[PDB]
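Everything on this sheet refers to the single structure shown next.
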Amino acid sequence: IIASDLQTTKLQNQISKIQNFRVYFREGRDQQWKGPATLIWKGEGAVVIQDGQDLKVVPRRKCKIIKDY
Amino acid sequence: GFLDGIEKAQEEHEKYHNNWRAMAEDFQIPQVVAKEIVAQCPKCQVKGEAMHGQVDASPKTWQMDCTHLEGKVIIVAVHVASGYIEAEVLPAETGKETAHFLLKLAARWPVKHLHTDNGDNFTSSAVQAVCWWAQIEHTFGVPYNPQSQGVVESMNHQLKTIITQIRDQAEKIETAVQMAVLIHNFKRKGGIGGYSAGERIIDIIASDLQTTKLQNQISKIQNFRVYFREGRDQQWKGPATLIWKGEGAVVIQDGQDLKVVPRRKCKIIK
Amino acid sequence: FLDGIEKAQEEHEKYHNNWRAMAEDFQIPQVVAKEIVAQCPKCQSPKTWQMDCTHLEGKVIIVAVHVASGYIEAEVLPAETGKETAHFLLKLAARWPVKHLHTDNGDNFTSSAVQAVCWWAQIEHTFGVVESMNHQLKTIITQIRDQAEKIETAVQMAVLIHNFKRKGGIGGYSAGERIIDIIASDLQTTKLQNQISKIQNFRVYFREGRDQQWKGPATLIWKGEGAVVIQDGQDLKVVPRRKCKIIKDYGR
Amino acid sequence: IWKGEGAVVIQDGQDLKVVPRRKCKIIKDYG
Amino acid sequence: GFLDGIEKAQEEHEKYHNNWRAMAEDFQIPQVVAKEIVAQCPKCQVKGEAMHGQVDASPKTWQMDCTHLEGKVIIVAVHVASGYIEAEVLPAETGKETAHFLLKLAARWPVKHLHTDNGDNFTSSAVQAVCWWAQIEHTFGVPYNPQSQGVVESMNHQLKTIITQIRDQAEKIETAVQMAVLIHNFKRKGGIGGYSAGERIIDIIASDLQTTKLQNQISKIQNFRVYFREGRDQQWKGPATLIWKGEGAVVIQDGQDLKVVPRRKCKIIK
Amino acid sequence: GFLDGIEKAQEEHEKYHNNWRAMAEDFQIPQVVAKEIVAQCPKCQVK
Amino acid sequence: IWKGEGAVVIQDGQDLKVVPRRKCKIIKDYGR
DNA sequence: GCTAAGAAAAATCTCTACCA
DNA sequence: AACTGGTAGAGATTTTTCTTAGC
DNA sequence: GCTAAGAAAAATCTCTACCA
DNA sequence: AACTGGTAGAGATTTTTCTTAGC
Ligand SMILES: O=C(NCc1c(F)cc(F)cc1F)c1cn2c(c(O)c1=O)C(=O)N1[C@H]3CC[C@H](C3)O[C@@H]1C2
Ligand SMILES: O=C(NCc1c(F)cc(F)cc1F)c1cn2c(c(O)c1=O)C(=O)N1[C@H]3CC[C@H](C3)O[C@@H]1C2
Ligand SMILES: [Cl-]
Ligand SMILES: [Cl-]
Ligand SMILES: [Mg+2]
Ligand SMILES: [Mg+2]
Ligand SMILES: [Mg+2]
Ligand SMILES: [Mg+2]
Ligand SMILES: [Zn+2]
Ligand SMILES: [Zn+2]
Ligand SMILES: [Zn+2]
Ligand SMILES: [Zn+2]
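Residue numbers (the working numbering), protein chains in the order written: chain A, 17 to 85; chain B, 2 to 271; chain C, 5 to 256; chain D, 6 to 36; chain E, 2 to 271; chain F, -18 to 28; chain G, 29 to 60.
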């Protein structure tokens, strides 16, 4: 009972430290910097982010991705 | 110690928005802590990561755009792998004329992939119907990012410089556009092979067809299955087709995927 | 090497092979094989187009055909004057290499506008395949007529079906594959001819075995890392580089 | 060496490598 | 031969405007002749030589410009060697207010050289009168070339980003401009010495004064005249002052010009 | 961010006097700040 | 006090003295 | 007769503006 | 979760080619 | 007691947008 | 004949510093 709780907390710790990133992006006709969003997919050249239950594709030249220590 | 310095640095950044070198020198905290104080601020974070991507350059990809010259509308298509240009003057910038231009282009050359921006004539039901009938995959760029279509905007620049060079030899603008297309395609050399654009599109399409037929004839008479050992765990994967054996490594095909495996981790079976 | 050159000369003396086949079979370079063909007395078009006008549903269809492959470019004209014919010819010459044009003695084909376009684009025009291609295109146009609304759409859809969907002939190819193969073969021949003239502007003095006197001026054919192929006395022979001296020749 | 559907095997200076198809140009290069 | 090829290449370029690689391959002429055929054409020659210059960065040079923000007029001056900024909001873009701004700047700091563009407020009789009274040399840039004043346009960019960072802490725009000047001058570090802009202007001006006084005291007690031999002809030039003698070369002053002469070509005389 | 982890690690060491690798692994803070939290305590010693 | 390429200046017993680097071991101190 | 200096000519590398 | 800057010319630097003086 | 592997932390290098 | 692009931040790669296992 206790051992399964320890193993579950270890696996959830690894899963929580894999892909919890924040994205600040720049989009629109007047290109303003907008708030945080969640990274979904990251390819070379562009990223797919989820912001306010809307999917957007941003080039990596117009975004900043913040990790966790 | 520096824990009270960390609290003072948070108050100071909340007022003045220092960068990390100013806080790490004024309050004598380490640089990881000052970098975290700046990185947890939303009023900062206004800068991108300073790189460029690379566009798709397959042997059947075309890019398309519209430009303006003397109150007319020119539409330009470019073959990406060679630099080969087709261009025309439209009476209007509607979707019907863009669909007719795309249908003539597909009737002349093999088109399998089209890349455009998000203009109103390209996001149209007529263009969608022509792409459905002629079996073309249409992709659009990220909005307000002209670097996604870099080749056709570079060719907009080249076409306009040639038109100002030969402008006084024609009466109308449409004659001058077709003369500039001829000068670009056949009278300018230099590039990958020292070619012009017409010689390069002939070489690219002919080499594509010849190399598919050659490796069809090669693969239909093969033998020598290969069993190989790879992965993070030293497992054994299934039947792989040997393609080429070199002095140092071998080339195998597994699940229509090509892999280069060294000679120690594989065995050939007749 | 020299065994391959002698075998290629004997085989050409029997059967008169071509230079691509001899270069692939006997494993010699292509400039040597081209010289073997060029020395034979018994061994000595990719850019010609035909144009015509036809009628359909009160509209004028103008058709150009590439003769060596059967490749088609068509259009629908607003009238049958010489200005629209000159504009169609200028577009065709802008997209494909056109050097020889064959037409009939029509009015719009014999005009000052067509004459000025042929002068600017350097085309040889001759007045007298297109009729067979017009009949085949019109059978396709009546076959796919109900899939389109206008006549220009049906014309371009029939051009696509003719060029890329109908296969036949010897190997079973369409017309687009045949025109690209023909033009690529001509491009290979012209590039090799440029290399041949640039190499053959030299001259070779060679020193034969067990002689200390230099021989006559032999023309250079091929220059390798360790071998040199020369022509002398209507004979080809291979001399190594340690007994050769290559000098420029000014014999225009 | 081999041209696949989404990858190309090339030999560059006695080094075999696998490049994507969209990053290659295959010529015969008369010259 | 290729002499008839040269005549054909001239006719062909007159019609089509080929580049030199196309003519050198089609007509088989050498590349020097084809380069000359292109270089003698006026319809070509539309391209610059692809380099950048470097601006004057003496320790008493200032650059100045005007920018716009929310319907106001900001005027910015920058000290070039340190990056030190003064900025204000003007009621209008006339020459009277620009002359008053320049007079306050000259009353605060030592100004000897001013560089501006060709705006109407800078090419003015009031600015000319202030520069005459305060003994400032005014230079103007090449017209419609903003790269001549590169430092002050870079600082226009930095000032606007800081103003958007601290905008919600002030009511008016003038308070926000002065808060941004304080944040730039004293709260941002990194550069030549790891300094801010205020520490760097203090270091530059203080080191200038100290090094002049030190070498005045050094040069007033010198001796050791030097006779040296240089030039394309092995001549002898006149009395030169020895400044420093190093292991390998010596430093001499001749006609207020500094020269580094090796030790073989000189003799020291007491 | 780990600055809230710094405040929580200070409270946790004031109660239980943890070692520095334990605080660095549990609160996800760097090792320099964890050694400093141990170093400012008069009863403890980083070893 | 000072760490040189070959010398080290230390304070001990209200006295300053110079010890060479071959007879010294420098360790971090956590004595806040 | 053979080598090598010296200059001409060709090839390769870095960097810029413009494309709504 | 499946996207992306590129082209061509102007000089600068390095390498290859060609003629002739000298032993 | 001394060395060295391994990881954390700091320093240096390349490249981008924006400034009418 | 006397003029001229620059600044600062985001990652990537390399170097220095610090703790601990092992002989
Ligand atoms: O800024 C443009 N070019 C200049 C440029 C470049 F080419 C390449 C670069 F790397 C940088 C550049 F600055 C440019 C802008 N737009 C369009 C263009 O085609 C276009 O070339 C376009 O069609 N649209 C439609 C889709 C939505 C609406 C109409 O706005 C956009 C705006
Ligand atoms: O294009 C400008 N900046 C952007 C920019 C840059 F900063 C630096 C770059 F390397 C490139 C850039 F594109 C710009 C233009 N002008 C003036 C500016 O100050 C100015 O910054 C200005 O004052 N004048 C006056 C003098 C005559 C009239 C009024 O037109 C000019 C126009
Ligand atoms: Cl767009
Ligand atoms: Cl100006
Ligand atoms: Mg567009
Ligand atoms: Mg565009
Ligand atoms: Mg200005
Ligand atoms: Mg300005
Ligand atoms: Zn901040
Ligand atoms: Zn024959
Ligand atoms: Zn020209
Ligand atoms: Zn404690």
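Cβ atoms here follow ideal geometry from the backbone N, Cα and C, with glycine treated the same way.
>> Against chain E, which members of the segment 147 to 160 of chain B pass a CB distance test of less than 9 Å?
In response: Answer in chain order: no residues at all.
> Considering only residues of the segment 50 to 88 of chain C, which uninterrupted beta strand (DSSP E) runs meet the minimum length of 3 residues and lie entirely inside it, listed in chain order?
Replying inline: With a minimum length of 3 residues, the continuous beta strand (DSSP E) runs that stay inside the segment 50 to 88 of chain C are 52 to 60, 63 to 70, 75 to 81.
> Mind listing, in chain order, the residues whose beta carbon lies closer than 6 Å to a non-hydrogen atom of ligand 12?
Replying inline: -6/F, -2/F, 22/F, 24/F, 25/F
> If you follow the alpha helix (DSSP H) that residue 102/C is part of, which residue opens it and which one closes it?
Replying inline: Per DSSP, residue 102/C belongs to no alpha helix (DSSP H) and is neither H nor E.
> Hey, which residues come within less than 5 Å of ligand 3, measuring from Cβ to any heavy atom, in chain order?
Replying inline: Every residue passing the under-5 Å Cβ criterion appears here: 118/B, 119/B, 144/B.
> Along the chain, where does the alpha helix (DSSP H) that runs through residue 226/C open and close?
Replying inline: No alpha helix (DSSP H) holds residue 226/C; the beta strand (DSSP E) holding it covers 218 to 227.
> Of the choices 183/B, 201/B, 147/B, 178/B, whose alpha-carbon is the least far from that of residue 45/A?
Replying inline: Of the listed residues, the one whose Cα sits closest to residue 45/A is 147/B.
>> Counting only beta-carbon separations shorter than 9 Å, does residue 27/F have a partner in chain G?
In response: yes
> Whose C-beta lies closer than 6 Å to the C-beta of residue 179/C among residues of the same chain, with five residues either side of it excluded?
Replying inline: 73, 74, 75, 167
> Looking only at DSSP bridge pairs, what is residue 260/E linked to?
Replying inline: DSSP output for residue 260/E lists 253/E as bridge partner(s).
> How is residue -2/F classed by DSSP in three states: helix, strand or coil?
Replying inline: coil
> So which residues of chain A does residue 9/F contact, with C-beta pairs closer than 9 Å?
Replying inline: 33, 84, 85
> Cβ of residue 67/E versus every heavy atom of ligand 7: is any distance shorter than 8 Å?
Replying inline: Checking the Cβ of residue 67/E against ligand 7 gives yes.
>> Would you say the beta carbon of residue 148/E is closer than 8 Å to some non-hydrogen atom of ligand 8?
In response: no
> Curious, which full-length beta strand (DSSP E) runs of at least 3 residues does the segment 135 to 205 of chain B contain?
Replying inline: 138 to 141
>> I believe residue 209/C touches residue 252/C by the beta-carbon criterion, under 8 Å. Please report the beta-carbon distance rounded to the nearest angstrom.
In response: At roughly 12 Å, the Cβ-Cβ gap does not stay under 8 Å, so residue 209/C and residue 252/C are not in contact.
> Can you give the beta carbon distance from residue 137/B to residue 115/B, rounded, assuming they're within the 8 Å contact cut?
Replying inline: 5 Å
> Between the beta-carbon of residue -10/F and the beta-carbon of residue 0/F, is there less than 9 Å?
Replying inline: Not closer than 9 Å, so no.
>> Using a Cβ-based criterion (distance less than 8 Å to any ligand heavy atom), does residue 47/E qualify as near ligand 10?
In response: The answer is no for residue 47/E.
> How many angstroms separate the CA atom of residue 245/B from the CA atom of residue 107/B?
Replying inline: 37 Å
> When you check each C-beta in the segment 14 to 26 of chain B against every C-beta of chain E, which residues fall closer than 7 Å?
Replying inline: Of all residues in the segment 14 to 26 of chain B, only 17, 18, 19, 20, 22, 23, 26 place a beta-carbon less than 7 Å from a beta-carbon of chain E.
>> Suppose you measure from the CA of residue 160/C to the CA of residue 153/C; what does that come to, to the nearest Å?
In response: Between the C-alpha atoms of residue 160/C and residue 153/C there is a straight-line separation of about 12 Å.
> Under a CB-based cut-off of 9 Å, is residue 191/B close to chain E?
Replying inline: yes
>> Tell me the rounded alpha-carbon separation between residue 2/F and residue 15/F.
In response: 7 Å
> What residues are listed by DSSP as bridge partners for residue 117/B?
Replying inline: 141/B
>> So, at 6 Å on beta carbons, what are the nonlocal neighbours of residue 254/E in its own chain, with the 5 sequence-adjacent residues on each side left out?
In response: These residues qualify, in order along the chain: 242, 244.
> Thinking just about the alpha-carbon of each residue, which of 195/C, 207/C, 87/C, 65/C is nearest to the one in residue 220/C?
Replying inline: 207/C
> Taking the C-alpha atoms as reference points, what is the distance between residue 176/B and residue 76/E?
Replying inline: 51 Å
> By a C-beta neighbour count over all protein chains shown, 10 Å radius and 16 as the cutoff for buried, is residue 218/C buried or exposed?
Replying inline: Residue 218/C counts as exposed, since fewer than 16 other beta carbons sit within 10 angstroms of its beta carbon.
> Would the segment 32 to 48 of chain C and the segment 82 to 99 of chain C be scored as touching if the rule is three or more Cβ pairs under 8 Å?
Replying inline: no
> Which two residues bound the contiguous alpha helix (DSSP H) that contains residue 37/E?
Replying inline: 32 to 40
>> Under 9 Å, Cβ to Cβ, is there at least one residue of chain B near residue 113/E?
In response: no
> Are the C-beta atoms of residue 195/E and some chain B residue less than 9 Å apart?
Replying inline: yes
>> Taking beta-carbon pairs under 8 Å, can you tell me which members of the segment 50 to 69 of chain A lie near chain B?
In response: Flagged, chain order: 51, 52, 60, 61, 62.
> By Cβ distance, which residues of its chain are closer than 8 Å to residue 100/B, with the 5 residues on each side in sequence left out?
Replying inline: These residues qualify, in order along the chain: 125, 127, 128, 130, 131.
> Which residues mark the beginning and the end of the beta strand (DSSP E) in which residue 39/A is found?
Replying inline: 38 to 43
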